[PDB]
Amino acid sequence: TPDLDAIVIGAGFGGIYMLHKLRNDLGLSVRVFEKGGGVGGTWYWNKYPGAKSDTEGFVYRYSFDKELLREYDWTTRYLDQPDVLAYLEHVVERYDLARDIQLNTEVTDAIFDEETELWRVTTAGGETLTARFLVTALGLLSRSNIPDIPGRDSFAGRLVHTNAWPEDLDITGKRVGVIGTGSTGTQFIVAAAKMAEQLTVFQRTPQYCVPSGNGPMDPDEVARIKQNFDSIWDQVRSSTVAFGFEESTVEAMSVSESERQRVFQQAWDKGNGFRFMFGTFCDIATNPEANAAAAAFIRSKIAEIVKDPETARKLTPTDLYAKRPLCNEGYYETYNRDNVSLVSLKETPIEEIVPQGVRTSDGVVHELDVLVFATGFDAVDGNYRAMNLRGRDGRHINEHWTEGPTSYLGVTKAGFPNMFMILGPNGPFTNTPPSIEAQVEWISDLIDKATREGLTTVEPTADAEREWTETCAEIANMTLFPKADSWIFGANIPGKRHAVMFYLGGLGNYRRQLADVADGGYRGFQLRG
């Protein structure tokens, strides 16, 4: 007889809804552990200026509670970090979840006991409890990447990763430097150029950024949206990427040069990274002719905007448009400002970080009061491998993830009975809240089943999992996504395996795969009583 029915790890979007479901709806006893000092997860950690959603606010939220969709307000098209935080803090005070969420508690070890068939969770602070069910909502983009750059630790000013932005730091009138030009880096670069006396951008790989289309929301348009929320969420759940725009059905090279130029320009004026890739034509990520047309359109726009053509040439990427889409309000325009200088790490690689700044290969000491690490995450498996996470035959999860990280259906693991993952390996690549919802609801159903039927263990088969890798491998190889050398296939981090880490079939097909398995008596599961 364990201490709790269930233990959830992480207080991000994932963990929060998982607790609400297991305790309020299933009536079970639950506790959540979160290493951070606050609920909110990603929207707790990333306090950096510019930090905001690249999903539009209207569908970057929960949907399960129709009363909360009516009530809660948003003033801007994209949600700033503080606003996404207040939203989640409100969700916590609403379902009365705060009392069962223990903060400032990292989970160091989680061991499955083959004999008692319970999980024992072990904390940083050297406490343990037991639960029948473990749920790991650790986050795809939770565990900080800070590369071992020669001299890093010598830097005498403030050095921080964006995922540990201090509440207290004010870059106003300081010399700021940033390493990274992904979603985080770019959206910091905008907000930062407005603040810093001078901003140096350390860019190794330029990316195909499009406009966000950000600005205020008419309170009338918010009202109209709330009226038609039932309908918006039905469209979101049937889409692939679930960003709340209608996805194009049209092959990009099935129409004239003029039409292809008009469609891309329309998407450009409207804004959104995911609209540009999927809202324009159906085959930008699958067909290379189509991918070149879209990249070409963005290359041409960078030249129009970026005045100094040198700065244009450095900002212009030449590789496949197959990284996750970026959007910002005025990224390229930012580089027309006289306090912003662009250092291409292709051409002038960082030799060493000194106390005083950053020395590049050309011999220039770039003096900085503040060095920002916009260098992304150990994505997907990060906080799993760094847990002492032990299932059947006393084996660590690492032993299973030799040829890359794996799962059955994105939510369960072979030889890890009663362990569910929110956004585990080989799950959906989408707007994250409705993918979380599909997973948190599917997991709640399976647990509730075990409770009612008195099942001691639920666990997928080695076969099911192997079969699910092959399904994800088939889908991923039909896309241009594997050939983009970014975090999505784990090529971003020295000595990490270039492996498939996502089901790229979309929320529509993913929800259908969950539904089919559940209706089919939980196909590929072993249910012991």
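From 1 onward, residues are counted along the sequence shown.
Engineer: Test of understanding: from the entry's C-alpha B-factors, which stretch has the higher mean, 17-25 or 501-509?
Structural biologist: Looking at the record's C-alpha B-factors, the answer is 17-25.
Engineer: Averaging only over Cα atoms, indicate whether 278-286 or 118-126 has the higher B-factor in the PDB entry.
Structural biologist: The deposited B-factors put 118-126 ahead on the C-alpha mean.
Engineer: Per the PDB entry, which option out of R77, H90, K413, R324 has the greatest Cα B factor?
Structural biologist: Highest C-alpha B-factor among the listed options: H90.
Engineer: Among the choices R61, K483, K47, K52, identify the one whose CA B-factor in the record is greatest.
Structural biologist: Result of the comparison over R61, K483, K47, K52: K483.
Engineer: Mind checking which third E247 falls in for C-alpha B-factor across the chain?
Structural biologist: Middle third, going by the recorded CA B-factors of the chain.
Engineer: Lowest, middle or highest third: where is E56 by Cα B-factor in its chain?
Structural biologist: CA B-factor rank for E56: lowest third.
Engineer: Lowest, middle or highest third: where is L446 by Cα B-factor in its chain?
Structural biologist: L446: CA B-factor falls in the lowest third of its chain.
Engineer: Comparing against every modelled residue in the chain, figure out the third that the C-alpha B-factor of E459 lands in (lowest, middle or highest).
Structural biologist: Answer is middle: the recorded C-alpha B-factor places it there.
Engineer: Should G139 be placed in the lowest, middle or highest third of its chain by the C-alpha B factor in the entry?
Structural biologist: Within its chain, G139 is a lowest-third residue by C-alpha B-factor, going by the deposited values.
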